[PDB]
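Just the one chain here, laid out as structure tokens, in the form deposited in one PDB entry.
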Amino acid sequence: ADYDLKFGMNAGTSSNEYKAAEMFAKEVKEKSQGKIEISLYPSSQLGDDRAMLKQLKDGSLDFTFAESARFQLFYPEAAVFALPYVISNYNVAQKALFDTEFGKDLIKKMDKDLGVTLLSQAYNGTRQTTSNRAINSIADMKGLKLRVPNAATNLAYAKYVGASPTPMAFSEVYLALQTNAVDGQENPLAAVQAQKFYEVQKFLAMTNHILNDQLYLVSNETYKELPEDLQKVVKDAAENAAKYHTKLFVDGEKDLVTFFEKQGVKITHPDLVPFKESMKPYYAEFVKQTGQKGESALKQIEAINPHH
């Protein structure tokens, strides 16, 4: 095609992310009259999300996914998006990004500094904790060998609840669980399904600890080359895809209990009061490290009423 473009992702071919990206690619092909074709590169073929964000910056990859929280790699205060238990729900995640001074200035920085244009935001689920033994309370987290992604906020979740974290890439997790090299991991229900972690984890605990969004990102090097009518095709398609993406996750969160129980998984509901209390020193550390900018981001986000 005139524009043979590429969309990379960590998520695999059975995932909601991939299904929504498929929708995006199909609409862009159709509505561009075939001028743009977007091919998909799932399962970390191109590297992880850190690597793929660098590829958007350089222009060697056209589209990718990231969370708002991922930008804590560049702007430490943006860890606010993934401080456990701070963001109540997706409604808060949306307003935090688009309707705070903090969020709006982040979007502008992603463009100016990082060479990426934010097309749309979707919901990517609320992370829960799977394991090879029951988590009936916070006591069961003590010394649990808990895999985490290579992200500071997930590492801190594991540390402050009393677990023993092992960072590793998403692609490596299934084998780590299967072999019991680690005891557990944490991800939204949809990812537990998509990666088939239920095959290698007997237990799931509703820790409700971090809320993931999902940003549809384009490389400025690519977006600048598209005539403006095709830019609009791409933006409109990303917006349509994000709405579908969010629905896939919302529907799955009300539907997946039946699925996991049918697969033999035991689901627990530990008291979250001590999980939340265990985070108080982390929040203090975040404020110490990120200073006024972090205190401000937290104030702005904690001001958002969670009720639609």
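The term rigid core refers to the maximal set of C-alpha atoms that superpose within 1.5 Å between the two forms. Note that residue numbering follows the sequence shown and begins at 1.
A second form of this protein, the form deposited in another entry, is not displayed here; the remarks below concern that form.
Here the two forms are overlaid on the core, and between the shown form and the other one the C-alpha of 204 is the only one among 96, 110, 204, 211 to shift by 2 Å or more. Residue 152: CA moves 2 Å or more between the shown form and the other one after rigid-core fitting.
In the core-superposed comparison between the shown form and the other one, residue 120 has its Cα shifted by less than 2 Å. Residue 220 is not among the residues whose C-alpha shifts by 2 Å or more between the shown form and the other one once the rigid core is aligned; its shift stays under 2 Å.
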